[PDB]
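Asker: structure for this input, please:
(chains A, B, C, D, E, F, G, H and I)
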Amino acid sequence: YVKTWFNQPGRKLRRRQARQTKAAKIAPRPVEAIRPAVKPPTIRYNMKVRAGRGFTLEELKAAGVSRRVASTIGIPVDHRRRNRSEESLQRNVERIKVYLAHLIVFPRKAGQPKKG
Amino acid sequence: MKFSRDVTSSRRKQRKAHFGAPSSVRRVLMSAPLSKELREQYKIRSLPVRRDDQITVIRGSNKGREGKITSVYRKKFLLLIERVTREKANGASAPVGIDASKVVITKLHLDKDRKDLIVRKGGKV
Amino acid sequence: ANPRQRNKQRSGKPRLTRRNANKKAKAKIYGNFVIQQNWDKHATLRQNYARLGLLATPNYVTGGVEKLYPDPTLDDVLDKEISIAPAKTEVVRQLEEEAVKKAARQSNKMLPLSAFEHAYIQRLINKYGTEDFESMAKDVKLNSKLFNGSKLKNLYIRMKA
Amino acid sequence: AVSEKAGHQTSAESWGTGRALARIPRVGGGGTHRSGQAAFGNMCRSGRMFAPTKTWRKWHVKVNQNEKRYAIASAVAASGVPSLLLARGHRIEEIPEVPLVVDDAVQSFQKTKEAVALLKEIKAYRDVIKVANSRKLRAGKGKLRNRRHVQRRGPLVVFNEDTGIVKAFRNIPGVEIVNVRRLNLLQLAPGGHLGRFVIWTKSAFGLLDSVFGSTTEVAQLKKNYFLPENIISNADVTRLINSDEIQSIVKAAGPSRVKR
RNA sequence: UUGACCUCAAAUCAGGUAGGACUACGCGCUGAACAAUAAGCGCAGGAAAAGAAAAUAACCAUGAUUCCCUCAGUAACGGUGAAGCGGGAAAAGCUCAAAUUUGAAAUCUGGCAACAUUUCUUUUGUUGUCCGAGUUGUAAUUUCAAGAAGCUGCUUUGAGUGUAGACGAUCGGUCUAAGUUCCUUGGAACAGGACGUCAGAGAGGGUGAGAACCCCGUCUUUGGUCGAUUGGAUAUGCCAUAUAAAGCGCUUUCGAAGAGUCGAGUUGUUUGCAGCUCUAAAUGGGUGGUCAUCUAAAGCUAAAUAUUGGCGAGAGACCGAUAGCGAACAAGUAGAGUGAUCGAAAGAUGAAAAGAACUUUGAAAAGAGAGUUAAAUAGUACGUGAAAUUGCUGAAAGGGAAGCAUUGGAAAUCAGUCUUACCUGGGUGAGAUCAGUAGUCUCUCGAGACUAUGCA
RNA sequence: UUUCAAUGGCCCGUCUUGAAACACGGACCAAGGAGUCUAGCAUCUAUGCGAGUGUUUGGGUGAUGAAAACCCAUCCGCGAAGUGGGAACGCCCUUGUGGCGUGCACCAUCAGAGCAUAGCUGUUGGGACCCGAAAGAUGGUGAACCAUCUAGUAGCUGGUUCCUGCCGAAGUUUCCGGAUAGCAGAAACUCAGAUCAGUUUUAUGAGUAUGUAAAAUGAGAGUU
RNA sequence: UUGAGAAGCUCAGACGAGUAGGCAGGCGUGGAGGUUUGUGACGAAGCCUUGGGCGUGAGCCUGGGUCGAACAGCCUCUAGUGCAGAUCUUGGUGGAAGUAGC
RNA sequence: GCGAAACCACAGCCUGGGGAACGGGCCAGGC
RNA sequence: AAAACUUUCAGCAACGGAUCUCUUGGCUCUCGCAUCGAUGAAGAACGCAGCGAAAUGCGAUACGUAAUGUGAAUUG
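Answerer: Numbering: from 1, shown residues only, chains lettered A, B, ... in the order given. Pasting the structure now:
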């Protein structure tokens, strides 16, 4: 079998139309969730900083965001990752704190019974 | 140039659509211009032909002839106009088919459906 | 060529033609009305987010960015408090203005007491005063539901207002 | 590409060697004239054509991005030479100037008759009339394949920002409208021939320095791009050969074509 | 005994559900030859599968799955051939078993009766009541990332039902620029020439020959308009079983974690898997380099991915009727074979049938006189009509070959051409690029175009 | 053009064979009918940039087709890791002649050149120039038959399509199917004040010849 | 002296078999980009011809006839691109033959 | 009266010599 | 040696269907979508078209009925 790439420009267009389709549904919030900053796990790459999967629970507790609130305002949680050093904790705590500064959370209507 | 991806410029698909068209489409494919008097009085440029329509032949050997449309032959996309015939071997008169775009409508067989059509297509009466 | 596709070629029945081909046209915006009004339909979502002053991605972009015109320490990270951010556009100000005003409208968080709740807390207060909530919770006769001091404190607070 | 089973749909076997006939397999069965007819071969009727065409032939070809920028720069330079425009088939004999730059108010034309008036005022409509007259029916099987007509190329209008210039010019036969930021070699050297008649707006011409840069200064819109340098500074070889510096040290020329 | 419970049956009892087909892509099982190979068998969906670590690593550590690029034709193995990292696309997390609700089976199906609701009189529910299920365990709560129970004071809250409008999606209607002016050729003008128009429309097709302006359309339309069916929000009225339910915080109190499995021996298939014999543990067990990491033997899950089938669509440096699908047409047809299976050849009169009336010969088929057509050198043996081949006619040649070459003759037949212009007058008038001339226009004084006048 | 006269003229292709003899293929005409596509490798040329180089996995963008063109974030691949002769130049000065210096590349004596693309050629895989050899296996139908794997396997058979021009062998030493070499070309080098020869001599010797060394004749030669 | 498509023009001498093989330049075909302000119902393409011409050749131009709707030169791109053979494939058609014979 | 098929490079007098068969084509003689 | 017969050439008539031109077909690529069946599917058979060459359509309501839309056809 020989795989051909004639749909390469048609996949590019289809993926872009999905981003536009996604943005139409969720109008003002970002098309991606904020990702942490981590360091790759080798002696070849540990100097580089890249994006992680989600923020650790210890990073969210320091930033002031609970693990149940976090998912609702676009902050992924990684229950697996941990902070073995204070630099990873502070690098990503500041990342969450900056995110909260630039964030507008629209209020939600709440059911409110008469008494009690 | 056409910019819609919903319309085909393919000669294969354009010819198949025209020659395989159903009767309710050939009614629109068989349209004729109106005379200048009707065109600037009904505010309509062209209308589909119909029986009892009074037309003038504009092109062909029979150019200049006039008469009512006895019947429209939608199978072959032809009009049959009264007194526009051809003599056969035995002297019987065989009518000659004329394309609907080769005639001009000098008088309209007005009906309520066509009267509604005129006011629909920006016209007046 | 297929017997099924040849069958509808040999038939007189028309195809179930559906004219849906519309490329280069982008999805129309719903959800937020403020974004919809200020969203143009020709520009991309990156161009519209930037024009409206929002961020499409809180991360890096995995490619180039268009250039249309030539350009002319844990204590201080944990105890710090970032001073929010200014609104670069009138749309962002419009979004921010709506959020604060609506939150102010929906701010009545304190709750009243029902007939049972009021009579419950009132009877406890008439015997143990208003400051001794620990002995209020330990009275099995009047505190049948066995509410602790913190629940009884919140009951009294809601009764005050 | 042809079908992946064409010429092999039938069933046949080799009858044998020495039976006074070619040993090509002949279709079995009976009742149909296929009995004894050969297949599975280029020569045999309804047989497999030799080396069936495949879809994974290399259709696209890579060029270094720097060569592409060189070609587009060299094709833009060729569009500022009136002789190269004439030799490519453009009727620019009455154009006031080359390069032909027009005001930015052209960028907001809305009607085609506004565009046609401008082309007639700068005498650029002689090229459009050439394109209209050249429209012929294409020769060959190309016109069975949605290539019905052929014609020449008109002026290439290059703008900076669009305010109706594209819609006001697109229906004029031959005229192609492009943005200065994405210049196309298919449109700057049609057929591979240099010297396209290009009309610029004032804003597009002012943005050419940022698109291409200079031979010493980097382009603003292309990261780390410099215009190519030339193997010769002055390309008038007659000027070097017939110069005072060179003609003063050459030995006395022998005759031209010599006597027998 | 009555009577409960457990069984074992029965009913044309009520309500359901499975089969077969397709199978391009998908997931299992099975399997030869020349490899998870074709076949064979089983089972799905719009995707499937996989999937929230008994995962990598050895780092400053990473963090479900899937796909792409790279790692890499590398390690390893014996030519086969990965994976970790790295770069992208997409991102979403969760549900049980193991706890006493024990101050109250708090849970559920069904019958019946009302009340609603609908893509829908076809759909889907609500409330009430009775019966059954269920304590050999149905709810709430918990899933290790934890959590429970207490305590504390901060922050929280709808599985309700209408109305209105806006924003989207889907289906069906509707709205839409300009020559058929003049001359020539022609059977026909859609050709050529002239003079015009429209152009957000100069795509394509049709019309008696190359049609932007004759017609359908195309552009506007990345929309106005009229309805129909819908989705997520907004605003607002009413209702709200809150004596409730959550997040965070704090501890002189607690914290269950899946077995004929893991694993060991051995035998087969292709390490995994499978059989057989044996058969566990509790900081235990797995996988790695004392240390690190994970937490199996239970379950669910969109997106990125695949797609020779199905419902449509738009295209192409493709083929052009011995090609391209076997099939451009009565094509899986005719036809063949007991059957499995096999399987063709075959497109084009003309603008219009105007498809040859009528007379005549003949038993008839047909023929001849006519007739239609621009054309019958277009007559359905139908566009063009090559070669091989055949008949007739004419000319030439010809003792058992032709045969080709070279050079000429003869005969036939062609190209293959001409004096018509130059020079020098004179006469006559003619007029500009000539005026002992006057104006205008376009370039730049004088350069072109003209106008008036004179023709010395 | 036909025909006559004079002179000449064995049937084409394939294989064979010094050669033919041969044996093959050819009733005739039309149409079809065979070195293709692709992956890797190496040489050479062109093009871009150059201690760098490569945009197209992807993202951005592209209103006039938007599968094009245009733009580039992070990676990654491949690279980086003194004396003589001599090209060229200046200065002379008996000026030419020569000398005095400066000496690239490269060879003798003791101050990175890559990377990408395109084309050419060679080569290895895929069906692999085309037609050719009994099959075997799987699954069916009534030892047989049918369908697929299959374009299975070929060192062998037959065939393999336009023109002109310029070069042009060998058909065999030697070791041993071969690696050499020879023959024939290409490129880069150094040279005509240099060498060379199916050459003839002279003479030294050695035994009419012989080899060697150094005069005539011819040609510019030697290389890698 | 005009003779600079410097890829041109020009002067001189020598030389000419050729298989395998090496090299160079050309002819022709289908389609593509460009061009000829190209040809065509006052006749495109095709075919026919003891018409004429050009080229060493592949081939090309043209008259006449037939015909009826398209087509070509130049630069570049591309490939299912050139036939006398394959006991080649398909189709048509001959001599054997009005024979063998029924 | 109805009517094939095999086969088919082209041919069809000898005599000699022609070295490779050469006679059916070639060379000198008859026909 | 003329005829016949044979051969060659040309004219005309046959034979054949090449070539050319095109073409509601194929082939290839890309894009959108998710929809069979015990409520009887796919397939097969037999019937109905005033005639239809077949082919198509349909099912005893048989080349369809109801409803909606267009608005005057059908056609050999």
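Asker: ok, residue A:4 to RNA strand I distance?
Answerer: Distance of residue A:4 to RNA strand I, given as C-beta to the nearest atom of the strand, to the nearest Å: 6 Å. C-beta: built from backbone N, CA, C; applies to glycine.
Asker: which residues touch that residue?
Answerer: By C-beta atoms under 8 Å, 6 or more residues apart in numbering or on different chains, residue A:4 lies in contact with D:55-56.
Asker: helix, strand, or coil at residue B:67?
Answerer: Assigned with DSSP: H, G, I helix; E, B strand; the rest coil, residue B:67 falls in the strand class.
Asker: residue C:50 now?
Answerer: Classification of residue C:50 by three-state DSSP places it in helix.
Asker: tally of neighbours for the spatially closest residue to it that is not a sequence neighbour?
Answerer: Excluding its sequence neighbours, the residue lying closest to residue C:50 (C-beta to C-beta, 6 or more residues apart in numbering or on different chains) is residue C:56, at 7.6 Å. Using other C-beta atoms under 10 Å in any protein chain shown, residue C:56 is surrounded by 18 other residues.
Asker: and what of residue C:65?
Answerer: By other C-beta under 10 Å, the residues close to residue C:65 number 7.
Asker: what does residue D:168 give?
Answerer: 24.
Asker: swap in residue C:49?
Answerer: 20.
Asker: same deal with the one 5 residues further on?
Answerer: Residue C:54 has 20 neighbouring residues, counting by other C-beta under 10 Å.
Asker: show me what contacts residue 34?
Answerer: Looking at chain A here, since you left the chain open. A:74-76, A:95-96, A:99, C:58-59.
Asker: wait, chain B was what I had in mind.
Answerer: B:42, B:44-47, B:104-105, B:108.
Asker: excluding its backbone neighbours, what's nearest residue A:115?
Answerer: That would be residue C:114: by C-beta to C-beta, 6+ apart, it lies 4.1 Å from residue A:115.
Asker: all the strands of the stretch 1-150 of chain D, in order from the start?
Answerer: Assigned by DSSP state E, counting those that start in this stretch, the stretch 1-150 of chain D shows strands spanning D:12-13, D:26-27, D:100-102, D:136-137, D:149-150.
Asker: reformat those as JSON lines; add distance to RNA strand I.
Answerer: Shown next, in JSON lines, are these (distance: least, C-beta to the nearest atom of the strand, whole Å):
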{"stretch": "strand D:12-13", "distance to RNA strand I": "21"}
{"stretch": "strand D:26-27", "distance to RNA strand I": "20"}
{"stretch": "strand D:100-102", "distance to RNA strand I": "38"}
{"stretch": "strand D:136-137", "distance to RNA strand I": "8"}
{"stretch": "strand D:149-150", "distance to RNA strand I": "13"}
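Asker: now those strands as CSV including mean neighbour count and distance to residue B:32?
Answerer: Shown next, in CSV, are these (neighbours: other C-beta atoms under 10 Å in any protein chain shown; distance: least, C-beta to C-beta, whole Å):
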stretch, mean neighbour count, distance to residue B:32
strand D:12-13, 15, 60
strand D:26-27, 19, 57
strand D:100-102, 19, 45
strand D:136-137, 9, 28
strand D:149-150, 12, 28
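Asker: can you tell which of these is closest to chain B?
Answerer: With C-beta to the nearest C-beta as the criterion, chain B lies closest to strand D:149-150 of those, at 11.4 Å.
Asker: now do the SS call for residue D:199.
Answerer: Counting by three-state DSSP, the backbone at residue D:199 sits in strand.
Asker: got a list of what it touches?
Answerer: Counting by C-beta under 8 Å, 6+ apart, residue D:199 makes contact with D:100-102, D:122, D:124, D:155-158.
Asker: make it 6 Å
Answerer: Listed by C-beta atoms under 6 Å, 6 or more residues apart in numbering or on different chains, the contact set of residue D:199 reads D:100, D:155, D:157.
Asker: likewise for residue B:118?
Answerer: Contacts of residue B:118 (C-beta under 6 Å, 6+ apart): B:42, B:125.
Asker: against chain D, how distant is it?
Answerer: Remark: distance between residue B:118 and chain D (C-beta to the nearest C-beta, to the nearest Å) = 30 Å.
Asker: quick revisit: mind putting the strands of the stretch 1-150 of chain D into TSV with distance to residue D:232?
Answerer: Below are those laid out as TSV (distance: least, C-beta to C-beta, whole Å):
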stretch	distance to residue D:232
strand D:12-13	68
strand D:26-27	70
strand D:100-102	28
strand D:136-137	42
strand D:149-150	39
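Asker: number of nearby residues for residue A:68?
Answerer: Residue A:68 has 8 nearby residues by other C-beta under 10 Å.
Asker: and it, what element?
Answerer: With secondary structure defined by DSSP states H and E, residue A:68 is part of helix A:67-70.
Asker: buried residues in the helix or strand just after that helix, which are they?
Answerer: Using DSSP H and E, the helix or strand that directly follows helix A:67-70 along the chain is helix A:86-101. Within helix A:86-101, the residues that count as buried by 16 or more other C-beta atoms under 10 Å in any protein chain shown are A:88-97, A:99-100.
Asker: is helix A:86-101 anywhere near RNA strand E?
Answerer: Yes. Helix A:86-101 is in contact with RNA strand E by C-beta under 7 Å from any atom of the strand, via A:87-88.
Asker: over to stretch C:93-112?
Answerer: Yes. Shown here: stretch C:93-112 in contact with RNA strand E (C-beta under 7 Å from any atom of the strand) through C:102, C:106, C:109, C:111.
Asker: among these, which are located in helices?
Answerer: Applying DSSP state H to the residues of stretch C:93-112 next to RNA strand E, the entries found in helices are residue C:102.
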